[PDB]
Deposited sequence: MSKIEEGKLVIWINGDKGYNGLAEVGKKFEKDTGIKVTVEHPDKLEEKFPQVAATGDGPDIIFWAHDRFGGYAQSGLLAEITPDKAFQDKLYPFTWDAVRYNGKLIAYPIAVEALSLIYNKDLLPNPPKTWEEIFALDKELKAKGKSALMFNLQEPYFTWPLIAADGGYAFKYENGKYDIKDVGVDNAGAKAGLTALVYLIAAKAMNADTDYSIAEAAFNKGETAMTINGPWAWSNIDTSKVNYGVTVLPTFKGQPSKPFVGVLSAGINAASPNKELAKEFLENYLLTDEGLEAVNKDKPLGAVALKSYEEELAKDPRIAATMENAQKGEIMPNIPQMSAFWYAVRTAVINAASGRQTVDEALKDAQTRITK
């Protein structure tokens, strides 16, 4: 059309993004429609009903770009200097920029200071910690077990990894999903489940509700979740993740980015919107005040918000972890681990079995 359709995951500040669209809309006359559909990262390659712009962490955009689903953005040096270089590196595929970097996200430990004035530093403590908390009618830790994004920091602590990075590229044959480190991490989780210290059916909604209601002393989540906790009148702290084997949890650092559909007749309106309305202190502030973005890619607004201790913890956990790859094989990675984790966690398969399949299906 002559419009702008925009897609962003439901757990972000889409109302604040919609407000940046309405400013753009009235200033130019181009209607903007922001949507947050379920499984949007999977429907986009099916339908690119295609949106003009898609928001997501950069990991999935390399698969979109290799399939030719995204247009190449055209920012000049003057604009590239507005954002931190490493953010551009994360949205770079085969030497060409395929998306706009927006915000750097990482998972952190979030604890209720009225139930837990001092949080544990290790995963081994959680078990005993939960025994003393259930006498109080509470739980120790509750987070999303249906998405490996949240369990991966533990899986990668002892040694697990996704794709080895060698001499500039990621080796698709060096996958660390079945090694001892990953088996150790997932074994700890499955035993906390088998010991009834965790529930396998715990998802994002259940964990967020439980934590924001003071029913569990801890959870694991990212910036976008903070707003909902502020309004829950819960005294919480955002801090480093618990260690495993004395080693830190290693979360995957995602970079929320905006890619332009190749099939979009509105690629220059998209550039104007993303370049001169969203990637400004005012556009980023609007979205951040709706749901926090973390450490934004824009140097000015990020330098401004740098003193937020929750963001300092976020990039501390990120400094322990690794930047996500954008290679198309990441899709296979996330799909195999996810199935493995949910089958081990539920007893359908053993940790060794589940991880053996996954390793092979990723190295196919």
| query | finding |
| --- | --- |
| Deposited-sequence stretches lacking C-alpha coordinates, listed in sequence order | 1 to 5, 54 to 56 |
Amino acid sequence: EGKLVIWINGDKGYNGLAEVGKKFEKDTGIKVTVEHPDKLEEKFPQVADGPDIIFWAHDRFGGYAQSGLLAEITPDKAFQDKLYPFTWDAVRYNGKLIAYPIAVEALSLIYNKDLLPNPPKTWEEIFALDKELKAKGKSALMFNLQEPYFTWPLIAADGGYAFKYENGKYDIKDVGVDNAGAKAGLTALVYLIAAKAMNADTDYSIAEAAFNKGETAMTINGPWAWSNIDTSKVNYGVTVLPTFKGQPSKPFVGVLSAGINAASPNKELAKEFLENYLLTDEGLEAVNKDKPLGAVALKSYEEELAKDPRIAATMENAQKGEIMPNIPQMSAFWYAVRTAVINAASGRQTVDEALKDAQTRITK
From here on, numbers count along this sequence of modelled residues.
query	finding
Per the entry, higher mean C-alpha B factor between 207 to 215 and 167 to 175	167 to 175
Stretch exceeding the other in mean C-alpha B-factor - 251 to 259, 192 to 200	192 to 200
Top Cα B factor in the deposited entry, candidates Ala225, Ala180, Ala106, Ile220	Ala180
Chain thirds of CA B-factor: placement of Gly16	lowest
Within-chain third of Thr28 by Cα B-factor, per the entry	highest
Within-chain third of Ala336 by Cα B-factor, per the entry	middle
Among modelled residues of the same chain, the CA temperature factor third for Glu275	highest
CA B-factor ranking of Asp114, expressed as a third of its chain	middle
